[PDB]
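Here's input.tsv, which has TSV, C-alpha atoms and all ligand atoms:
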chain	number	residue	atom	x	y	z
A	1	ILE	CA	-27.53	-40.60	42.01
A	2	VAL	CA	-23.79	-40.89	41.28
A	3	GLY	CA	-22.62	-40.34	37.73
A	4	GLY	CA	-26.04	-39.23	36.45
A	5	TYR	CA	-27.46	-36.13	34.80
A	6	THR	CA	-30.09	-33.47	35.43
A	7	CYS	CA	-33.44	-35.03	34.50
A	8	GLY	CA	-35.20	-31.79	33.60
A	9	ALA	CA	-38.07	-30.20	35.50
A	10	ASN	CA	-41.00	-32.57	35.98
A	11	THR	CA	-39.66	-35.01	33.36
A	12	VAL	CA	-40.09	-37.90	35.88
A	13	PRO	CA	-43.63	-36.95	36.94
A	14	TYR	CA	-44.17	-40.05	39.11
A	15	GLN	CA	-41.11	-39.25	41.27
A	16	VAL	CA	-42.01	-38.05	44.76
A	17	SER	CA	-39.91	-36.89	47.69
A	18	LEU	CA	-40.65	-38.16	51.18
A	19	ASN	CA	-40.13	-35.36	53.65
A	20	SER	CA	-39.89	-35.33	57.44
A	21	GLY	CA	-38.73	-31.72	57.71
A	22	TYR	CA	-36.13	-32.56	55.04
A	23	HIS	CA	-35.95	-34.91	52.08
A	24	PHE	CA	-35.01	-38.41	53.23
A	25	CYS	CA	-36.25	-40.90	50.62
A	26	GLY	CA	-37.92	-41.16	47.23
A	27	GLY	CA	-41.10	-42.88	46.10
A	28	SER	CA	-43.21	-43.51	43.01
A	29	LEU	CA	-46.80	-42.38	42.47
A	30	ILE	CA	-48.87	-45.35	41.27
A	31	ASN	CA	-52.34	-43.75	41.35
A	32	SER	CA	-53.77	-40.53	42.68
A	33	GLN	CA	-53.87	-41.89	46.25
A	34	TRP	CA	-50.90	-44.24	46.58
A	35	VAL	CA	-47.09	-44.16	46.55
A	36	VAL	CA	-44.67	-47.11	46.38
A	37	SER	CA	-41.46	-46.74	48.43
A	38	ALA	CA	-38.98	-48.92	50.32
A	39	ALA	CA	-39.86	-50.54	53.65
A	40	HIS	CA	-36.54	-49.27	55.02
A	41	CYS	CA	-37.81	-45.72	54.42
A	42	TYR	CA	-40.62	-46.07	56.98
A	43	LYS	CA	-40.99	-43.14	59.39
A	44	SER	CA	-43.94	-41.60	61.16
A	45	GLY	CA	-45.20	-38.22	59.98
A	46	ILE	CA	-44.17	-38.47	56.32
A	47	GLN	CA	-45.18	-35.64	54.01
A	48	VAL	CA	-45.20	-36.60	50.34
A	49	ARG	CA	-43.99	-33.90	47.94
A	50	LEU	CA	-45.17	-34.26	44.35
A	51	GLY	CA	-44.35	-32.10	41.36
A	52	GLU	CA	-40.85	-31.35	42.65
A	53	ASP	CA	-37.79	-30.49	40.65
A	54	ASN	CA	-35.62	-28.28	42.86
A	55	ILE	CA	-36.50	-29.62	46.31
A	56	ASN	CA	-35.12	-26.48	48.00
A	57	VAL	CA	-36.92	-23.89	45.83
A	58	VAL	CA	-40.68	-23.42	45.49
A	59	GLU	CA	-41.20	-23.45	41.70
A	60	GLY	CA	-45.00	-23.51	41.59
A	61	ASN	CA	-45.89	-27.12	40.65
A	62	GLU	CA	-45.54	-28.70	44.10
A	63	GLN	CA	-48.24	-30.61	45.94
A	64	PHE	CA	-47.53	-31.26	49.64
A	65	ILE	CA	-49.73	-34.08	50.99
A	66	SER	CA	-49.35	-35.87	54.30
A	67	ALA	CA	-49.30	-39.63	54.38
A	68	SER	CA	-52.47	-40.90	56.03
A	69	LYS	CA	-51.17	-44.44	56.39
A	70	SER	CA	-48.21	-46.64	55.52
A	71	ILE	CA	-48.32	-50.38	54.89
A	72	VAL	CA	-44.91	-51.99	55.13
A	73	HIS	CA	-44.74	-55.39	53.52
A	74	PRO	CA	-45.44	-57.87	56.36
A	75	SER	CA	-42.51	-60.07	55.30
A	76	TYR	CA	-39.91	-57.27	55.31
A	77	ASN	CA	-36.67	-58.32	57.01
A	78	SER	CA	-34.53	-55.34	58.02
A	79	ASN	CA	-31.30	-57.42	58.15
A	80	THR	CA	-31.48	-59.08	54.72
A	81	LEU	CA	-33.62	-56.31	53.20
A	82	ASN	CA	-35.83	-58.97	51.64
A	83	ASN	CA	-39.26	-57.56	50.74
A	84	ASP	CA	-38.05	-53.94	50.93
A	85	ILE	CA	-41.33	-52.36	49.84
A	86	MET	CA	-43.94	-50.12	51.47
A	87	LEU	CA	-47.17	-48.48	50.32
A	88	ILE	CA	-48.09	-44.94	51.39
A	89	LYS	CA	-51.65	-43.66	51.16
A	90	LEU	CA	-52.08	-39.92	50.65
A	91	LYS	CA	-54.40	-37.97	52.94
A	92	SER	CA	-56.09	-36.48	49.87
A	93	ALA	CA	-55.70	-37.39	46.22
A	94	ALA	CA	-52.94	-35.86	44.15
A	95	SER	CA	-54.14	-33.73	41.26
A	96	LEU	CA	-52.79	-35.45	38.14
A	97	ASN	CA	-51.47	-33.38	35.26
A	98	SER	CA	-48.50	-33.48	32.90
A	99	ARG	CA	-46.13	-32.78	35.82
A	100	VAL	CA	-47.69	-35.14	38.39
A	101	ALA	CA	-48.53	-38.53	36.91
A	102	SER	CA	-48.69	-42.16	37.97
A	103	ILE	CA	-46.34	-44.88	36.71
A	104	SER	CA	-47.74	-48.23	35.57
A	105	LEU	CA	-47.01	-51.36	37.50
A	106	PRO	CA	-45.52	-54.25	35.53
A	107	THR	CA	-47.54	-57.05	33.99
A	108	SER	CA	-44.36	-59.14	33.67
A	109	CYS	CA	-40.82	-59.02	35.04
A	110	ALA	CA	-38.08	-57.28	33.06
A	111	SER	CA	-35.17	-59.15	31.48
A	112	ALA	CA	-31.43	-58.76	31.97
A	113	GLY	CA	-30.00	-56.15	29.63
A	114	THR	CA	-32.99	-53.83	29.62
A	115	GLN	CA	-32.14	-50.18	30.21
A	116	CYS	CA	-33.99	-48.51	33.07
A	117	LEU	CA	-34.32	-44.97	34.38
A	118	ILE	CA	-33.32	-44.49	38.03
A	119	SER	CA	-33.90	-41.12	39.65
A	120	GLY	CA	-33.66	-39.25	42.92
A	121	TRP	CA	-32.29	-36.49	45.12
A	122	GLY	CA	-29.77	-38.73	46.90
A	123	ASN	CA	-26.02	-38.40	47.22
A	124	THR	CA	-24.15	-37.64	43.98
A	125	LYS	CA	-20.67	-38.43	45.35
A	126	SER	CA	-19.17	-41.91	45.54
A	127	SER	CA	-16.49	-40.79	48.03
A	128	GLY	CA	-18.27	-38.19	50.15
A	129	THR	CA	-21.68	-36.62	50.66
A	130	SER	CA	-23.36	-34.12	48.32
A	131	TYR	CA	-27.10	-33.74	47.87
A	132	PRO	CA	-28.46	-32.02	44.74
A	133	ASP	CA	-31.13	-29.37	44.44
A	134	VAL	CA	-32.71	-30.70	41.24
A	135	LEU	CA	-33.72	-34.25	40.41
A	136	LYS	CA	-30.98	-36.47	39.00
A	137	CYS	CA	-31.36	-39.35	36.54
A	138	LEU	CA	-29.32	-42.38	35.51
A	139	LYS	CA	-29.80	-44.86	32.69
A	140	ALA	CA	-28.72	-48.28	33.88
A	141	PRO	CA	-29.23	-51.85	32.66
A	142	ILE	CA	-30.61	-54.79	34.57
A	143	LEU	CA	-27.77	-57.21	35.26
A	144	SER	CA	-28.02	-60.99	35.09
A	145	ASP	CA	-28.94	-62.80	38.29
A	146	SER	CA	-25.66	-64.70	37.96
A	147	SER	CA	-23.54	-61.55	37.89
A	148	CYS	CA	-25.65	-60.12	40.72
A	149	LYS	CA	-25.01	-63.14	42.92
A	150	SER	CA	-21.34	-63.18	41.89
A	151	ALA	CA	-21.04	-59.61	43.20
A	152	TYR	CA	-23.02	-60.36	46.38
A	153	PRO	CA	-22.56	-64.08	47.19
A	154	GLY	CA	-25.38	-65.39	49.41
A	155	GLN	CA	-27.00	-61.94	49.72
A	156	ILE	CA	-29.42	-61.81	46.76
A	157	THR	CA	-32.97	-63.13	47.18
A	158	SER	CA	-35.59	-63.82	44.53
A	159	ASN	CA	-37.11	-60.46	45.47
A	160	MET	CA	-34.02	-58.51	44.38
A	161	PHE	CA	-32.22	-57.66	41.16
A	162	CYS	CA	-29.02	-55.81	40.35
A	163	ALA	CA	-28.78	-52.92	37.93
A	164	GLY	CA	-25.97	-50.59	36.98
A	165	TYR	CA	-22.38	-50.94	35.90
A	166	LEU	CA	-19.73	-53.31	37.20
A	167	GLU	CA	-17.02	-50.81	36.23
A	168	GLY	CA	-18.28	-48.37	38.87
A	169	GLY	CA	-18.96	-44.65	38.59
A	170	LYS	CA	-22.73	-44.80	37.97
A	171	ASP	CA	-25.24	-45.85	40.63
A	172	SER	CA	-28.01	-44.81	42.97
A	173	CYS	CA	-27.10	-43.98	46.56
A	174	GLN	CA	-28.33	-42.88	49.98
A	175	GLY	CA	-31.33	-40.58	49.73
A	176	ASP	CA	-32.44	-42.22	46.47
A	177	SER	CA	-33.88	-45.07	48.56
A	178	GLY	CA	-37.50	-45.89	47.84
A	179	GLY	CA	-37.45	-44.19	44.47
A	180	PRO	CA	-38.13	-45.59	41.05
A	181	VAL	CA	-36.40	-47.90	38.65
A	182	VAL	CA	-38.58	-47.66	35.53
A	183	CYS	CA	-37.96	-50.03	32.62
A	184	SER	CA	-39.99	-50.02	29.42
A	185	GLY	CA	-42.61	-47.75	31.00
A	186	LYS	CA	-43.15	-49.92	34.09
A	187	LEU	CA	-42.04	-49.57	37.71
A	188	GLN	CA	-39.76	-52.61	37.98
A	189	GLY	CA	-37.52	-51.62	40.88
A	190	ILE	CA	-37.29	-49.69	44.12
A	191	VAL	CA	-33.93	-48.24	45.22
A	192	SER	CA	-32.98	-50.54	48.10
A	193	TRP	CA	-29.29	-51.25	48.88
A	194	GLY	CA	-25.72	-51.85	47.72
A	195	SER	CA	-22.16	-52.04	49.02
A	196	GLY	CA	-21.23	-48.39	48.98
A	197	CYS	CA	-22.33	-46.43	45.93
A	198	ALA	CA	-20.92	-46.63	42.41
A	199	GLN	CA	-18.06	-48.91	43.52
A	200	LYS	CA	-16.43	-51.38	41.14
A	201	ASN	CA	-18.10	-54.81	41.11
A	202	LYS	CA	-20.84	-53.70	43.56
A	203	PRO	CA	-23.89	-52.72	41.50
A	204	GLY	CA	-27.12	-51.37	42.91
A	205	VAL	CA	-29.60	-53.87	44.40
A	206	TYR	CA	-33.29	-53.16	43.82
A	207	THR	CA	-36.56	-54.56	45.11
A	208	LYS	CA	-38.11	-56.64	42.32
A	209	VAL	CA	-41.52	-54.98	41.99
A	210	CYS	CA	-42.92	-57.51	39.51
A	211	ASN	CA	-43.09	-60.05	42.36
A	212	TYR	CA	-45.44	-57.73	44.29
A	213	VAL	CA	-48.00	-56.49	41.75
A	214	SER	CA	-50.89	-58.65	43.02
A	215	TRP	CA	-50.03	-57.69	46.63
A	216	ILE	CA	-49.91	-54.01	45.70
A	217	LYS	CA	-53.22	-54.05	43.85
A	218	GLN	CA	-55.06	-56.00	46.54
A	219	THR	CA	-53.59	-53.88	49.33
A	220	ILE	CA	-54.46	-50.52	47.76
A	221	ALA	CA	-57.96	-51.80	46.91
A	222	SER	CA	-58.66	-52.95	50.48
A	223	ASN	CA	-57.09	-50.09	52.43
A	301	LIG	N1	-27.29	-48.44	44.69
A	301	LIG	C1	-26.61	-48.35	45.80
A	301	LIG	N2	-25.32	-48.59	45.81
A	301	LIG	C2	-27.29	-47.96	47.05
A	301	LIG	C3	-28.50	-47.26	47.02
A	301	LIG	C4	-29.14	-46.91	48.19
A	301	LIG	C5	-28.62	-47.25	49.42
A	301	LIG	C6	-29.34	-46.92	50.71
A	301	LIG	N3	-29.74	-48.13	51.40
A	301	LIG	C7	-29.16	-48.55	52.52
A	301	LIG	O1	-28.34	-47.89	53.17
A	301	LIG	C8	-29.51	-49.98	52.94
A	301	LIG	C9	-30.74	-50.04	53.86
A	301	LIG	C10	-30.52	-49.43	55.22
A	301	LIG	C11	-30.69	-48.07	55.43
A	301	LIG	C12	-30.54	-47.52	56.68
A	301	LIG	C13	-30.22	-48.32	57.76
A	301	LIG	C14	-30.01	-49.68	57.56
A	301	LIG	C15	-30.17	-50.22	56.30
A	301	LIG	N4	-30.19	-47.81	59.09
A	301	LIG	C16	-31.21	-47.21	59.72
A	301	LIG	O2	-32.24	-46.84	59.16
A	301	LIG	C17	-31.02	-47.04	61.21
A	301	LIG	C18	-32.12	-47.77	61.94
A	301	LIG	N5	-31.87	-49.24	62.10
A	301	LIG	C19	-32.29	-50.10	60.95
A	301	LIG	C20	-31.34	-51.32	60.87
A	301	LIG	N6	-31.07	-51.90	62.19
A	301	LIG	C21	-30.28	-53.15	62.13
A	301	LIG	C22	-30.34	-53.92	60.82
A	301	LIG	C23	-29.21	-53.59	59.89
A	301	LIG	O3	-28.11	-53.24	60.32
A	301	LIG	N7	-29.48	-53.78	58.59
A	301	LIG	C24	-28.70	-53.41	57.47
A	301	LIG	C25	-27.62	-52.55	57.54
A	301	LIG	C26	-26.83	-52.33	56.43
A	301	LIG	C27	-27.09	-52.98	55.22
A	301	LIG	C28	-28.18	-53.83	55.16
A	301	LIG	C29	-28.98	-54.04	56.27
A	301	LIG	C30	-26.19	-52.78	54.03
A	301	LIG	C31	-26.03	-51.32	53.57
A	301	LIG	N8	-24.89	-51.18	52.67
A	301	LIG	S1	-23.49	-50.58	53.19
A	301	LIG	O4	-23.23	-51.14	54.48
A	301	LIG	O5	-22.55	-50.76	52.13
A	301	LIG	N9	-23.70	-49.00	53.39
A	301	LIG	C32	-23.92	-47.99	52.35
A	301	LIG	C33	-25.11	-47.11	52.72
A	301	LIG	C34	-25.32	-45.99	51.70
A	301	LIG	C35	-24.06	-45.16	51.54
A	301	LIG	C36	-22.89	-46.03	51.15
A	301	LIG	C37	-22.67	-47.14	52.18
A	301	LIG	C38	-27.26	-50.84	52.82
A	301	LIG	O6	-27.25	-50.68	51.60
A	301	LIG	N10	-28.35	-50.61	53.56
A	301	LIG	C39	-30.38	-50.92	63.03
A	301	LIG	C40	-30.45	-49.53	62.43
A	301	LIG	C41	-27.41	-47.95	49.46
A	301	LIG	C42	-26.76	-48.30	48.29
A	302	CA	CA	-39.58	-27.29	44.71

Please lay out the structure from this file as structure tokens.
Ligand SMILES: N=C(N)c1ccc(CNC(=O)[C@@H]2Cc3ccc(cc3)NC(=O)CCN3CCN(CCC(=O)Nc4ccc(cc4)C[C@@H](NS(=O)(=O)NC4CCCCC4)C(=O)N2)CC3)cc1
Ligand SMILES: [Ca+2]
Amino acid sequence: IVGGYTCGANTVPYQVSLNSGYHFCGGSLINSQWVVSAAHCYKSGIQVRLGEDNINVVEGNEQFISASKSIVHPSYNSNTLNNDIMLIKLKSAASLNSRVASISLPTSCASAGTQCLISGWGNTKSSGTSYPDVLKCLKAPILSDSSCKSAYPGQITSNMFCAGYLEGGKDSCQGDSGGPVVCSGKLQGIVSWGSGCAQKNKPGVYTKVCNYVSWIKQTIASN
């Protein structure tokens, strides 16, 4: 997260860290057994870390649970990043409490102009590399599809939306991938891609979760 602020310990209780010996992507807890992340975050041997604030210090609210399976959307295209969504099943159920909680899936898509909360442990520098200890947060509005396509001509599919600030300075970044964009209490986006981070006229591009709710619910029910 570039240009954000310290969320506060366990204030984003659906935020998880995906760990393969080190933090490499975010995710969002959607029930006690399932995490939503980005397809481009797929790796074997993922350990899901819940209840994290400082990812480098054991603070006493962590749950470390191996992924038992991952289901990458079958239509994911790793060139265009269309359908950049994956579901991770936990080997055992997370224990839900005030610090580890699921986020609701949308019942409708969000509208341009709505403020959303984007969070993660990704890079905080637009011109360099710097990874934080504690979870970082950014408030950012959904941008119009027209301004999104104007920034990224030919590159935006119906399964993507832009959010952030055309002026630059405030954005998600590498290592935030797969984590949440929550708008009006609902998981509306997944950190997916962008041209650089926090650059002028290149807002963040996010997987449009509202297009996938039926797929998510049927997949987690059957698997
Ligand atoms: N809000 C934000 N501004 C924001 C937030 C989060 C991100 C993070 N998400 C990205 O990085 C995604 C997705 C991605 C990630 C990794 C790889 C490829 C893609 N590579 C691997 O895994 C290695 C394994 N293998 C997979 C891919 N194969 C070939 C296919 C391929 O070439 N496809 C591809 C490559 C690049 C892009 C899209 C598709 C665009 C890229 N943008 S960029 O060029 O400007 N670079 C950014 C990266 C973050 C720091 C600032 C510069 C992008 O965004 N990519 C072979 C390799 C970024 C921005
Ligand atoms: Ca910790």

Restrict the calculation to all atoms listed in the file, then for each residue of segment 128-222 of chain A with any atom at most 12 Å from an atom of segment 108-117 of chain A give the closest atom pair and their distance in Å to one decimal, rows by chain and rising residue number, as CSV.
residue,atom,partner,partner_atom,distance
A:136,CA,A:117,CA,10.2
A:137,CA,A:117,CA,6.7
A:138,CA,A:117,CA,5.7
A:139,CA,A:117,CA,4.8
A:140,CA,A:116,CA,5.3
A:141,CA,A:115,CA,4.2
A:142,CA,A:112,CA,4.8
A:143,CA,A:112,CA,5.2
A:144,CA,A:112,CA,5.1
A:145,CA,A:112,CA,7.9
A:146,CA,A:112,CA,10.2
A:147,CA,A:112,CA,10.3
A:148,CA,A:112,CA,10.6
A:158,CA,A:109,CA,11.9
A:159,CA,A:109,CA,11.2
A:160,CA,A:109,CA,11.6
A:161,CA,A:112,CA,9.3
A:162,CA,A:112,CA,9.2
A:163,CA,A:116,CA,8.4
A:164,CA,A:116,CA,9.2
A:165,CA,A:113,CA,11.2
A:171,CA,A:117,CA,11.1
A:172,CA,A:117,CA,10.7
A:179,CA,A:117,CA,10.6
A:180,CA,A:117,CA,7.7
A:181,CA,A:117,CA,5.6
A:182,CA,A:117,CA,5.2
A:183,CA,A:116,CA,4.3
A:184,CA,A:116,CA,7.2
A:185,CA,A:116,CA,8.9
A:186,CA,A:110,CA,9.0
A:187,CA,A:116,CA,9.4
A:188,CA,A:110,CA,7.0
A:189,CA,A:116,CA,9.1
A:190,CA,A:117,CA,11.2
A:191,CA,A:117,CA,11.3
A:206,CA,A:116,CA,11.7
A:207,CA,A:109,CA,11.8
A:208,CA,A:109,CA,8.1
A:209,CA,A:109,CA,8.1
A:210,CA,A:109,CA,5.2
A:211,CA,A:109,CA,7.7
A:212,CA,A:109,CA,10.4
A:213,CA,A:108,CA,9.2
A:214,CA,A:108,CA,11.4

Selected residues written out with C-alpha atoms, as a compact mmCIF listing (two decimals), in the frame of the given file:
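Result went into result_29.txt, see below:
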# COMPACT_ATOMS: atom_id res chain seq x y z
CA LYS A 136 -30.98 -36.47 39.00
CA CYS A 137 -31.36 -39.35 36.54
CA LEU A 138 -29.32 -42.38 35.51
CA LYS A 139 -29.80 -44.86 32.69
CA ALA A 140 -28.72 -48.28 33.88
CA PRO A 141 -29.23 -51.85 32.66
CA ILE A 142 -30.61 -54.79 34.57
CA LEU A 143 -27.77 -57.21 35.26
CA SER A 144 -28.02 -60.99 35.09
CA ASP A 145 -28.94 -62.80 38.29
CA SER A 146 -25.66 -64.70 37.96
CA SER A 147 -23.54 -61.55 37.89
CA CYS A 148 -25.65 -60.12 40.72
CA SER A 158 -35.59 -63.82 44.53
CA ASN A 159 -37.11 -60.46 45.47
CA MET A 160 -34.02 -58.51 44.38
CA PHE A 161 -32.22 -57.66 41.16
CA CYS A 162 -29.02 -55.81 40.35
CA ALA A 163 -28.78 -52.92 37.93
CA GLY A 164 -25.97 -50.59 36.98
CA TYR A 165 -22.38 -50.94 35.90
CA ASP A 171 -25.24 -45.85 40.63
CA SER A 172 -28.01 -44.81 42.97
CA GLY A 179 -37.45 -44.19 44.47
CA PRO A 180 -38.13 -45.59 41.05
CA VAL A 181 -36.40 -47.90 38.65
CA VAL A 182 -38.58 -47.66 35.53
CA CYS A 183 -37.96 -50.03 32.62
CA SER A 184 -39.99 -50.02 29.42
CA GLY A 185 -42.61 -47.75 31.00
CA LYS A 186 -43.15 -49.92 34.09
CA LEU A 187 -42.04 -49.57 37.71
CA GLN A 188 -39.76 -52.61 37.98
CA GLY A 189 -37.52 -51.62 40.88
CA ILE A 190 -37.29 -49.69 44.12
CA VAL A 191 -33.93 -48.24 45.22
CA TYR A 206 -33.29 -53.16 43.82
CA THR A 207 -36.56 -54.56 45.11
CA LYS A 208 -38.11 -56.64 42.32
CA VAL A 209 -41.52 -54.98 41.99
CA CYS A 210 -42.92 -57.51 39.51
CA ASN A 211 -43.09 -60.05 42.36
CA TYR A 212 -45.44 -57.73 44.29
CA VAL A 213 -48.00 -56.49 41.75
CA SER A 214 -50.89 -58.65 43.02

Proximity of segment 65-147 of chain A to segment 23-29 of chain A: per-residue shortest pair, 12 Å limit, only C-alpha atoms, as a Markdown table:
| residue | atom | partner | partner_atom | distance |
| --- | --- | --- | --- | --- |
| A:85 | CA | A:27 | CA | 10.2 |
| A:86 | CA | A:27 | CA | 9.5 |
| A:87 | CA | A:27 | CA | 9.3 |
| A:88 | CA | A:27 | CA | 9.0 |
| A:89 | CA | A:29 | CA | 10.0 |
| A:90 | CA | A:29 | CA | 10.0 |
| A:93 | CA | A:29 | CA | 10.9 |
| A:94 | CA | A:29 | CA | 9.1 |
| A:95 | CA | A:29 | CA | 11.4 |
| A:96 | CA | A:29 | CA | 10.1 |
| A:99 | CA | A:29 | CA | 11.7 |
| A:100 | CA | A:29 | CA | 8.4 |
| A:101 | CA | A:29 | CA | 7.0 |
| A:102 | CA | A:29 | CA | 4.9 |
| A:103 | CA | A:29 | CA | 6.3 |
| A:104 | CA | A:29 | CA | 9.1 |
| A:105 | CA | A:29 | CA | 10.3 |
| A:118 | CA | A:26 | CA | 10.8 |
| A:119 | CA | A:26 | CA | 8.6 |
| A:120 | CA | A:26 | CA | 6.4 |
| A:121 | CA | A:26 | CA | 7.6 |
| A:122 | CA | A:25 | CA | 7.8 |
| A:123 | CA | A:24 | CA | 10.8 |
| A:131 | CA | A:23 | CA | 9.9 |
| A:132 | CA | A:23 | CA | 10.9 |
| A:133 | CA | A:23 | CA | 10.6 |
| A:135 | CA | A:26 | CA | 10.6 |
| A:136 | CA | A:26 | CA | 11.7 |

Site check for ligand CA 302 (chain A): residues at most 10 Å away, all atoms listed in the file, as a PyMOL selection string: chain A and resi 9+49-63+133-134

Which residue, A:69, A:221, A:77, A:97, has the smallest gap to ligand LIG 301 (chain A) when you use all atoms listed in the file?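 Smallest separation from ligand LIG 301 (chain A) among the options: A:77.
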
Surroundings of ligand LIG 301 (chain A) up to 8 Å, based on all atoms listed in the file, as a ChimeraX atom specification: /A:40-41,78-81,126,171-177,191-199,202-206

For the atom pair atom CA of residue 14 of chain A and atom CA of residue 30 of chain A, what is the interatomic distance in Å to one decimal place?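 These two atoms are separated by 7.4 Å.
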
Can you tell me how far atom CA of residue 36 of chain A sits from atom CA of residue 76 of chain A, in Å to one decimal? 14.3 Å

Using only the atoms of segment 110-119 of chain A listed in the file, plus 6 Å on each side, state the axis-aligned box centre and edge lengths in Å rounded to one decimal, as JSON.
{"center_x": -34.0, "center_y": -50.1, "center_z": 34.6, "size_x": 20.1, "size_y": 30.0, "size_z": 22.0}

Nearest to residue 71 of chain A, restricted to all atoms listed in the file and choosing among A:38, A:45, A:18, A:91, comes out as A:38

One decimal place gives the atom CA of residue 150 of chain A-atom CA of residue 5 of chain A separation as 28.6 Å

Spatial neighbours of residue 92 of chain A, max dist 9 Å, all atoms listed in the file, sep filter under 5 positions, as a list in words: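 That gives residues 32, 33, 65, 66, 67 and 68 of chain A.
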